[PDB]
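Reading through the structure tokens given below for one structure.
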Amino acid sequence: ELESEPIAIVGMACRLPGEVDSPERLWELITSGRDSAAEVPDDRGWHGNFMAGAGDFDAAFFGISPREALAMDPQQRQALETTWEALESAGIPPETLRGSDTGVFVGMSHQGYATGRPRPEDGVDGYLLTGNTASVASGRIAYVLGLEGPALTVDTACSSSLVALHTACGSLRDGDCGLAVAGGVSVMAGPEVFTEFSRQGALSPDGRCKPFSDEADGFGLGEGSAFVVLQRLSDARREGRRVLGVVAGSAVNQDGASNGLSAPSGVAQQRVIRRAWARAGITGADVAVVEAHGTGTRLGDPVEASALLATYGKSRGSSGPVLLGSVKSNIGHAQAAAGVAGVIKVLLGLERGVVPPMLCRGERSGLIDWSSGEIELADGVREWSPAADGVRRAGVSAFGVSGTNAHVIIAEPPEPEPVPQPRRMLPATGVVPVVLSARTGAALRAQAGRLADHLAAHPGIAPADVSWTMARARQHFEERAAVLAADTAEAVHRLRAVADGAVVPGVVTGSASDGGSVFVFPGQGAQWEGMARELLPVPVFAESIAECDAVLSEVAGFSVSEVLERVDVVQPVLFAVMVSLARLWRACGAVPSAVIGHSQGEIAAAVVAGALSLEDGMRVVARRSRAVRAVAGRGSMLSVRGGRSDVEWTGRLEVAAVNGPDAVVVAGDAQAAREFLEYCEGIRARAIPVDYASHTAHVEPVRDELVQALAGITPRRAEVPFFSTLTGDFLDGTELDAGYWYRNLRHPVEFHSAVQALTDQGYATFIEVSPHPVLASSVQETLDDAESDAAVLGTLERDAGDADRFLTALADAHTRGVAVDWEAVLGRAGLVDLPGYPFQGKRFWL
Amino acid sequence: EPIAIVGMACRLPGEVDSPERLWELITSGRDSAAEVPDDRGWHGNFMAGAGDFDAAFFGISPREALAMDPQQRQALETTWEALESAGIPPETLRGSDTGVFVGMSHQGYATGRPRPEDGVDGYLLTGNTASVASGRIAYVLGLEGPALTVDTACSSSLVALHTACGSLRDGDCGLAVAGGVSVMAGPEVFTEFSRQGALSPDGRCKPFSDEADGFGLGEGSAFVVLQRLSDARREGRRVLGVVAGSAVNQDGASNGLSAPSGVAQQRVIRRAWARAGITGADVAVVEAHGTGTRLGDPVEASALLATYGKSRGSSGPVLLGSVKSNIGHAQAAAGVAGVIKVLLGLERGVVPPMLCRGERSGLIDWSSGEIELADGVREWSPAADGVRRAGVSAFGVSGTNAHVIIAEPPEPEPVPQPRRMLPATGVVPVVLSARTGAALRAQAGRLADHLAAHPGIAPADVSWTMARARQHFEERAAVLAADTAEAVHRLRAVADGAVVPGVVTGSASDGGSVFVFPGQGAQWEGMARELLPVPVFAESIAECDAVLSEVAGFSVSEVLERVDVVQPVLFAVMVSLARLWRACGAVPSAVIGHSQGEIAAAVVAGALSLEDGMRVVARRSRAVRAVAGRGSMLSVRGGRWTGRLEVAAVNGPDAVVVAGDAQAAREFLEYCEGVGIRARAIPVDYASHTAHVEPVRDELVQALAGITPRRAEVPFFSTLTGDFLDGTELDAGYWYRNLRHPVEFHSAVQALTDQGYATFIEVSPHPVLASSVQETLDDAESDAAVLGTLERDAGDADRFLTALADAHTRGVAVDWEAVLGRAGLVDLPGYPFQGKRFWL
């Protein structure tokens, strides 16, 4: 039950010359047949291939000071940003990795950064050693990401990154980690490496590698950053990762005693090729493509070609000629990153099912025996013949100038076992949310512009995939935005709206907060005929509604009563929609730090908090609302825009609620009200459709009777902190007896007071759990008084009791920082390749 | 499989140049703290010879040696030493799947614009890029397994050791070199840690002491040779200990890249026990990262308490220590250093001690009494298993951690030992070699110093180790000895350049060896009877006896002569001595013969079967007997009655044999006694190589007419024709013209000399022609050497062992495994490196 388990490549990232800043841009360069040879930049201080942004670093993203960033070797910084991008390609939000066996293996050597004396002004003392010692290149990644498997920096020159891959594959097979980042980085800071190869006469004047060409006259120095994410195939499939290829086998060895430390030996190259085949249990006939070391040196190219001839050339059998190429023909010699660059080239190929081409410049080298016809240069895009197995495979080679050699077999990934897919809460409406996050607003804007450009340049991409990917395969940062969209084109328009600062429907913006969420249960006038009907397909919701039907009939003979009103029906139905909407938020991941209610709302809130069972909570609102129909006739209520005290004629009307700084309820005698009302026809007052006045003495008649009816209820300790609008503070759920429920009907509702307290205590998000926003505007006004940044949210709305509205609410709750379990909401779609985090890099170059 | 440590080597501060010196420094409670050297540029711990390097040894230019990072030079010389500790002649590893794993980081060498006068242009980069530190060992030594350099700061060499083991388990290589080297060339590292305030002003690491106040910086080489236990046992290597389990993890998010985390340390310790299939109770010793940091040491102690301190259950407190207390923080070699320290202990069966200073840190919960500081030497309790174990930690400042369980080597499955070729006589040869004469004397003195300081080590172990477990270089010397005192005495002679009995000196050479077969008077009564115990010899005498019985009656008449018996018996002794040389490794490039000796030479070369050769010498001899009585031959010192004596053989520039009629010889002798010309008769009544034998011709040529001359598998150089003969030319005629034409031996030795042969071996019971050959070589101004085999009144195993040693000193290939068999590998000084200082 143990063997060389296949290792899977689940992500990849690279920064390479020729303006390549992602695997996909590398594909463009290779199919274009453009190269990157250009003159050395002046901004370094002393022809070749150079990275666009070698010295740019989003230092603030990773919490690194600008002084330390200036001291960090540009290789340390590329490795750190490219590691991040690789995990994003694997679809792993890097936070989930903190405390993980994840290992880091970085191939690298020294390139002459920070060799002068430190200009004291720059103030890099205390940072320069750590910014430039090899082990830190790998240790820093594990520090910044909280990774806890092995972290090593390895130097074998040109093969460094393939040796790092080889080591990570053993680490994974051995149990030393369960996920690994492996790759290499180089940035030619100083001119020492270029100078030594010039002196040797090893560099083409072009700056271009002409691999296997008659025009080969030396290699072109390059640089870059190339990283893959490795995982044992079993763990990959079990976690449903998107496998890009697999390392079927790999090998490492040494030239030994060649003719000069740098001299190449074809025999060594053959043996390393053959150990790889052995580890992978294949023969050369099973490999259609070879991505060679391929540096364009007159004497080395034939050495490499003779060993391919002696290995891949023989017994090709059924398999036609082997295709041969080298990515150095487009980007130059990327030194410590050369190997994995090659590996990312063949992986791009596997995606598209074709053999990646090479910039063939001129005629084949006359020094190579092509007479067998068994090796062909990959001149343009070609068919990738599977092997007799039906498996496509490639071979990648890196032969370092210190004599250590590597060869790796990359194979297409096996077919995944199909698994039963999880269900998506909320019926499908074609509308999908697409969420964005960055560490600043400029970065947030840039993310949105890039997603829009990608989706415009890549249409046909399934919006469900962009939705799932940006919610499940990306980390959520401080500054957020979300865009509802029914089809790709509507996404681009609204993503551009985020990008350019436009307010537009279907687009929301917000900052994520530490503080808790408070569920506001209003009651009052949240009802509308036909409410929340479109949510009865949702089992979480429908089930709550059904159990509510059971216990209502037993206590009031009533039920759904919305297949197609009056106070002792409306209140038992608004109770039911509110505890149901609450359970729906719960099952979508919004967990309440506290519950608060307005009058009857407090009964749904006590249920939602666990202080009263669903049964007792129904009985309390059924026999509280039957008891109010018994003091009908005389009595009514009115809303009065304008704050209390100013509204505070006596003995017939009194203040019965306070809802915000600019909103009060007054109640008392029916006629007496019309009096106040038509008085104000000359304040924006308005009367509530009521035949009685609660929170007044008109209710003392039903006291004792109510208290009795609800004497069998059993208040329990709450699971969620219940804030009493009566007491004005937190209250053990045992204290919610009939007395409390009478005193709730009689005493005045100090709701503005409670919202002020909860704002004082630092709660961040108020979610009105109701079929129509009733208190939301009043709460929003209270927060403006306290000059607060707390956010207020509705759930459903009249003409909006649909899933599309709850989806909108989920989108806004998440944008404010409420934890939406997007897995439970958008089930589990596939991972699509979308732009990475939009690093806001500044230049640092000592 | 378990990976075995089969060799080990280290250069460390405190004058430590070998694992034994480490044991010295550690058991005598001294430390190496001292001021920074002046000669480096710019308090700590420093290697004595950090900039010394034997560039000529590795064939490296002095300019390239100047450009090379001392870290690269030390790694090269220490890798050699570790290979010698393994008993592996490094040349036998050329073309081998041997892996090189080098832990290392940058340390400030070559940081300034180089003085053009230095001439480093073109070597600086190669001599300072990290990959070349391991790539160059693979290059110099021809190794072909993986070669990596790795940097995980203070854990580098244990991570290196961890990677090698996985490489060995994976079949990626079959032997690995692993370790770490650091040399504080410039002061950067020192300045940084000073600024941070982590460096004790003492320069001294005080691990787990209340007096801890920072660590002291240090440097070092520490390397071990690794091999799968199966393969080590097969090759019969000496296992110092086994890497039962190793683990590597990272601190992740500690309170700073440098901050230590105990959970991280606990987890890596427990992964290593899982790989090794043990629990903390089974480990008696922990060698720690130590350092002596006020805040670091308690994190390490807390993690050790939570693993090695829990659930010991009547196994006693684990012992605790850190070699940094004696040598400081070797940085990249800190780990293997600690490994070598616990290996030193495993040898002697005691827990190696630590220089504990002051009182135990009050920052540490000693209250369970389950962890005890390794005060002085202690008993190493084995575990219930019965296996002695130790744990070694190295925790990197980049946050990478390693813990390694070192265990005692398992008991070797015993195996029947190969037989020695020669009968044992308590006399052993100990052979010496190095690249220059100076180095040879140096190796001699260090072996004498070593033997003086460890008496009662067996001479047969010294013999076997020096002959089979070291490479043999250009300048050689051999010493014969029957006890250690005598070896010491003669080894001093070699060291002092003095001439003494028992001691031979010489230079190995490219040319081949010629087996020289005389006839003459090599015989003596009872010759070689002492070699009959040796099967290869006995079997050949016995097979001669048979063929001679069917051509005469005599046989093994070497117990309790005349011509038709002596020439047959000399023949059987020479061809048997030839077979003994060959079973001992000596390949003849060519054979040459003097008269009847050519028959021996033709049989040794395969041109005649043993029978046809016996037959030729038996008849040829009887032929002489027939035409005897009158006639005589005499030796005459001088270069080369007229028709009554002629020259019958020219043996050298000053030696001639004159033969003729018996009376005319008596006349030539009296004249010589008068005129003073040195001459003496040869006890014979015949005159061979004159017309005196013509009579018995046309008779032997008929008796030897059924001989079957075959083609020779060894070039036969005809003294007769003075050039190379196909063995099918060796017909009866030849064997007659051999008896009648005069022996032009001197001319043949000149000829072979001019073809570049290097070594002449007289395959005879007594060296008849050897002094003449030397005379011939002296005049050609030739550096070639002349060797004998047996000797009149010696002729036993001792004289043959002596001959083997002299042939080895001159370049002849002696098997040594065939002559000595297996014996014990013992630790003896390494190659005597002759380093000049290099430093930019």
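All residue names refer to the structure tokens as shown: chains lettered A, B, ... in order, residues numbered from 1 in each chain, ligands numbered from 1 in order.
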Need the shell around residue B:676: protein/DNA/RNA residues with any atom at most 12 Å away, counting only C-alpha atoms. Skip same-chain ones fewer than 4 positions apart. Format as a PyMOL selection string? chain B and resi 636-638+668-672+680
Write out the residues from the selection above, keeping N, CA, C and O atoms, as a compact mmCIF listing (two decimals), in the first residue's frame.
```
# COMPACT_ATOMS: atom_id res chain seq x y z
N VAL B 636 83.85 -13.58 -15.38
CA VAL B 636 84.98 -12.68 -15.54
C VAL B 636 84.46 -11.26 -15.42
O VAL B 636 83.75 -10.78 -16.31
N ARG B 637 84.87 -10.55 -14.37
CA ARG B 637 84.46 -9.13 -14.27
C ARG B 637 85.15 -8.35 -15.39
O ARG B 637 86.38 -8.27 -15.37
N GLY B 638 84.37 -7.82 -16.33
CA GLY B 638 84.95 -7.03 -17.43
C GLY B 638 84.02 -7.02 -18.63
O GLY B 638 83.21 -7.95 -18.76
N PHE B 668 93.16 -19.65 -18.31
CA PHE B 668 92.63 -18.29 -18.25
C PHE B 668 92.46 -17.81 -16.81
O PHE B 668 92.60 -16.62 -16.53
N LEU B 669 92.22 -18.73 -15.89
CA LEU B 669 92.04 -18.33 -14.50
C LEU B 669 93.37 -17.95 -13.85
O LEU B 669 93.47 -16.91 -13.18
N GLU B 670 94.42 -18.79 -14.02
CA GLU B 670 95.73 -18.46 -13.45
C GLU B 670 96.23 -17.11 -13.93
O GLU B 670 96.76 -16.33 -13.14
N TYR B 671 96.10 -16.83 -15.24
CA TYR B 671 96.49 -15.52 -15.75
C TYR B 671 95.77 -14.42 -14.99
O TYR B 671 96.39 -13.42 -14.60
N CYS B 672 94.47 -14.60 -14.74
CA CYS B 672 93.69 -13.58 -14.05
C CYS B 672 94.15 -13.39 -12.61
O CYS B 672 94.16 -12.26 -12.11
N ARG B 680 86.34 -16.20 -11.45
CA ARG B 680 86.10 -17.37 -10.58
C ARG B 680 85.34 -18.39 -11.42
O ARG B 680 84.59 -17.97 -12.33
```
Could you list, as number ranges by chain, every residue within 10 Å of residue A:372, counting only C-alpha atoms and ignoring same-chain residues fewer than 4 positions away? A: 309, 313-314, 321
Give me every strand (DSSP E) residue in stretch 428-490 of chain A, going by DSSP on the backbone, as a ChimeraX atom specification. /A:432-438,479-485
Keeping only C-alpha atoms, write those residues as a JSON list (two decimals), in the first residue's frame.
```
[["chain", "number", "residue", "atom", "x", "y", "z"],
["A", 432, "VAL", "CA", -24.60, 34.99, -10.14],
["A", 433, "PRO", "CA", -22.67, 37.18, -7.62],
["A", 434, "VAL", "CA", -19.06, 38.01, -8.36],
["A", 435, "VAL", "CA", -17.17, 39.38, -5.37],
["A", 436, "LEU", "CA", -13.90, 41.34, -5.30],
["A", 437, "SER", "CA", -11.41, 42.18, -2.53],
["A", 438, "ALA", "CA", -8.09, 43.95, -2.23],
["A", 479, "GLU", "CA", -11.79, 46.67, 0.81],
["A", 480, "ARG", "CA", -14.58, 44.82, -0.96],
["A", 481, "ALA", "CA", -17.04, 45.14, -3.86],
["A", 482, "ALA", "CA", -19.64, 42.86, -5.40],
["A", 483, "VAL", "CA", -21.37, 42.76, -8.76],
["A", 484, "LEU", "CA", -24.59, 40.87, -9.57],
["A", 485, "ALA", "CA", -24.74, 39.76, -13.19]]
```
Counting only C-alpha atoms, what are the residues of chain A within 7 Å of chain B, and for each of them which pair of atoms is the nearest and at what distance in Å, to one decimal? Sort the table by chain and rising number, as a Markdown table.
```
| residue | atom | partner | partner_atom | distance |
| --- | --- | --- | --- | --- |
| A:109 | CA | B:130 | CA | 6.9 |
| A:110 | CA | B:129 | CA | 7.0 |
| A:126 | CA | B:192 | CA | 6.3 |
| A:133 | CA | B:106 | CA | 6.8 |
| A:134 | CA | B:151 | CA | 6.1 |
| A:135 | CA | B:152 | CA | 4.8 |
| A:136 | CA | B:398 | CA | 5.6 |
| A:139 | CA | B:398 | CA | 4.9 |
| A:140 | CA | B:257 | CA | 7.0 |
| A:142 | CA | B:252 | CA | 5.1 |
| A:143 | CA | B:252 | CA | 4.6 |
| A:144 | CA | B:253 | CA | 6.7 |
| A:146 | CA | B:252 | CA | 4.2 |
| A:147 | CA | B:252 | CA | 4.8 |
| A:148 | CA | B:250 | CA | 4.4 |
| A:149 | CA | B:249 | CA | 4.5 |
| A:150 | CA | B:249 | CA | 4.4 |
| A:151 | CA | B:400 | CA | 6.1 |
| A:152 | CA | B:152 | CA | 5.7 |
| A:153 | CA | B:151 | CA | 5.4 |
| A:154 | CA | B:150 | CA | 4.6 |
| A:155 | CA | B:131 | CA | 4.9 |
| A:156 | CA | B:131 | CA | 4.7 |
| A:157 | CA | B:131 | CA | 6.1 |
| A:196 | CA | B:122 | CA | 6.5 |
| A:252 | CA | B:146 | CA | 5.5 |
| A:253 | CA | B:146 | CA | 4.2 |
| A:254 | CA | B:144 | CA | 4.3 |
| A:255 | CA | B:144 | CA | 5.9 |
| A:256 | CA | B:142 | CA | 4.3 |
| A:257 | CA | B:142 | CA | 4.5 |
| A:261 | CA | B:139 | CA | 6.3 |
| A:402 | CA | B:135 | CA | 5.0 |
| A:403 | CA | B:135 | CA | 5.9 |
| A:404 | CA | B:147 | CA | 6.0 |
```
For those residues, write C-alpha atoms to a file as a tab-separated table (two decimals), in the first residue's frame.
```
chain	number	residue	atom	x	y	z
A	109	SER	CA	21.81	31.75	-6.68
A	110	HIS	CA	23.48	35.10	-5.94
A	126	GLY	CA	19.81	45.66	10.01
A	133	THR	CA	21.07	35.61	2.44
A	134	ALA	CA	19.96	32.60	0.40
A	135	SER	CA	18.02	30.75	3.10
A	136	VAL	CA	15.74	33.73	3.64
A	139	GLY	CA	12.30	31.04	4.91
A	140	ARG	CA	10.58	34.38	4.31
A	142	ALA	CA	7.11	30.40	5.18
A	143	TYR	CA	7.22	33.29	7.64
A	144	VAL	CA	4.82	35.52	5.67
A	146	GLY	CA	2.67	30.83	8.18
A	147	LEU	CA	3.83	27.66	6.41
A	148	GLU	CA	5.41	24.96	8.47
A	149	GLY	CA	6.86	22.25	6.24
A	150	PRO	CA	10.48	22.33	5.11
A	151	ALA	CA	11.76	25.61	3.64
A	152	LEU	CA	15.06	25.38	1.68
A	153	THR	CA	17.01	27.42	-0.79
A	154	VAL	CA	19.01	25.19	-3.20
A	155	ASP	CA	21.67	26.23	-5.74
A	156	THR	CA	22.59	23.97	-8.66
A	157	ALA	CA	22.77	26.85	-11.22
A	196	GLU	CA	32.08	36.13	-16.60
A	252	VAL	CA	19.12	14.26	-10.82
A	253	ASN	CA	22.80	13.43	-11.27
A	254	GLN	CA	26.12	15.00	-12.14
A	255	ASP	CA	28.58	15.29	-15.05
A	256	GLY	CA	31.36	14.33	-12.70
A	257	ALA	CA	34.75	14.72	-14.38
A	261	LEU	CA	33.70	22.23	-14.51
A	402	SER	CA	28.21	23.37	-11.99
A	403	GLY	CA	27.57	19.91	-13.40
A	404	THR	CA	24.26	18.84	-11.84
```
Would you pick out the contacts of residue B:302 at 10 Å or less, using only C-alpha atoms, so that residues sharing its chain but fewer than 3 positions from it are not included, and give the list as a PyMOL selection string? chain B and resi 262-263+265-266+297-299+305-307+309+363-366
